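The chain below stands alone, shown as structure tokens; this is the form deposited in one PDB entry.
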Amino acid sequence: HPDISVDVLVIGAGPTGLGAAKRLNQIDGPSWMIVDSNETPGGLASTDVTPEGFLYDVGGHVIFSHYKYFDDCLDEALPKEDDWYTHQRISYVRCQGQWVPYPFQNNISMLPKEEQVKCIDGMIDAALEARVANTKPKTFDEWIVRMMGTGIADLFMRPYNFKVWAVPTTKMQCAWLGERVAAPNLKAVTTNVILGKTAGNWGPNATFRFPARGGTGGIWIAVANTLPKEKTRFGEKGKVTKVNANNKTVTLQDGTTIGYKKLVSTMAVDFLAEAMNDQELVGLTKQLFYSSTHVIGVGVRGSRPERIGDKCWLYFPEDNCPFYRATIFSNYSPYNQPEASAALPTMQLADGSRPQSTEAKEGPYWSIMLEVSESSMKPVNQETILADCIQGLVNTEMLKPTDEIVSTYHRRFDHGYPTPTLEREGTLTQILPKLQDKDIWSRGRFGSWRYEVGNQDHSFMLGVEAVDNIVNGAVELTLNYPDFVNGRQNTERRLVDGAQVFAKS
């Protein structure tokens, strides 16, 4: 007999676990509890703060929701209008000294005419091939070329994607991209070239909302706060060290044992295999591939520069900087950095020099958040990456050499991106059903390892749907059919369903 027994045990209190917990709490049938090794819930959707008062998410986090249920829970958690700021989804690609509006191909009018020719010629070849194609592309790289042609591929998507995924495009599958035909809109691209037109894919009806305070992490603290505390176990007291799948028992770091009938596990599935002492599963999970993420944060003195303006996130295919993406984090909330009246000494200039003066000066302040990927195919020198990033900011004209840096941040996250390699699906089909047969629902960004359903809303719903499968025999649509859930508005499932309305009568 174990110290604790519940119907459904949830491991992990990032978005996926909290999703499971919210649905269990709403259903209010089977007993349950949720554990996490961290005292603060949120996982990779948490937020750090520097000693100088600059917040950083785990890299650029922008919410786009495909589900009403996720909306209900965020609304419940942060119900006030001033809990949120709304922004247009404004992004550019840095290329040859220019900020090119995303998506890159509709905007090549900004490049020299000789580059436009190369790009259009390439897209003409792709259009003519697509006209007679009768096989689907097999790799990300094939998909990219067929869609963009060679010239456009080489300027952006090819080099950018290696900088993000930390594996060559030729090593990745292309199903995760969805089911749209791999072929150019030659006319649209050419029409904008001819008219000398630029056009971003944002506007009044393409926005996101971002929490007013606490960064992205503020959301998950607040969602977790709506749960009954006695059913949570967050911190050292909730760290899982052993999972005995045959006994349906979990052991915590402090020796506590928890018996379950069903397990929803949201920790990285390779960690789960180890915790299970299951050598066959360990072997299989070791076949999966992932990249690590270095988040670098830079706090800067001054009112926001005109060159920066209302930019949100930015892409960097070029090799004059180590990061693949920069976020103007100070544009997301004025509470992501200190007030103007806060006094801070200059730590260094962007050119790397350090002033002798220790004088604390006032703001205002703005803030840049950078991401650098790492894998066994792309090493990162942790000791110089901060200074390399800062030099990169100078090379891309984001910072002037004389800009005053008042805060810095660097953190490496081991499991950053689950990689859609060619082998991923073959391996997952040997892993997930095996766990399933042991009444283990492994789900989440690393729980089930599928980037195309790896955002905050997807993750949350992987937990919600897992519980719905366990209790109500629901289909796990997000897990098995990402194109299905991503291609529609999912409005049917709500924080208050008919079951609760009828029961309250």
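Shifts are known only where both forms have a C-alpha. Basically, rigid core = biggest C-alpha set you can superpose within 1.5 Å across the two forms. Numbering starts at 1 and runs along the sequence shown.
The next section is about a form of this same protein that is not shown, the form deposited in another entry.
Participant: If you fit the rigid core and then compare C-alpha positions between the shown form and the other one, only one of 386, 284, 186, 182 moves by 2 Å or more. Name it.
Facilitator: With the rigid core superposed, the residue that stands out is 182.
Participant: Does residue 135 move appreciably between the shown form and the other one, meaning a CA displacement of 2 Å or more on the superposed rigid core?
Facilitator: Moves: no, less than 2 Å.
Participant: Once the two forms are fit on the core, has residue 206 moved its CA by at least 2 Å between the shown form and the other one?
Facilitator: Residue 206 C-alpha, core-superposed: shift of 2 Å or more.
Participant: Where do residue 202 and residue 212 end up in the other form, Cα atoms closer or farther than shown, with a change of 3 Å or more?
Facilitator: Their C-alpha distance grows by at least 3 Å in the other form.
Participant: Indicate closer or farther: the Cα atoms of residue 180 and residue 187, in the other form, relative to the displayed form, with a change of 3 Å or more.
Facilitator: It is farther: the C-alpha separation of residue 180 and residue 187 rises by at least 3 Å in the other form.
Participant: Are there runs of at least three residues between the shown form and the other one whose C-alphas all move 2 Å or more relative to the rigid core, and where are they?
Facilitator: Shifted segments: 178-184, 202-206.
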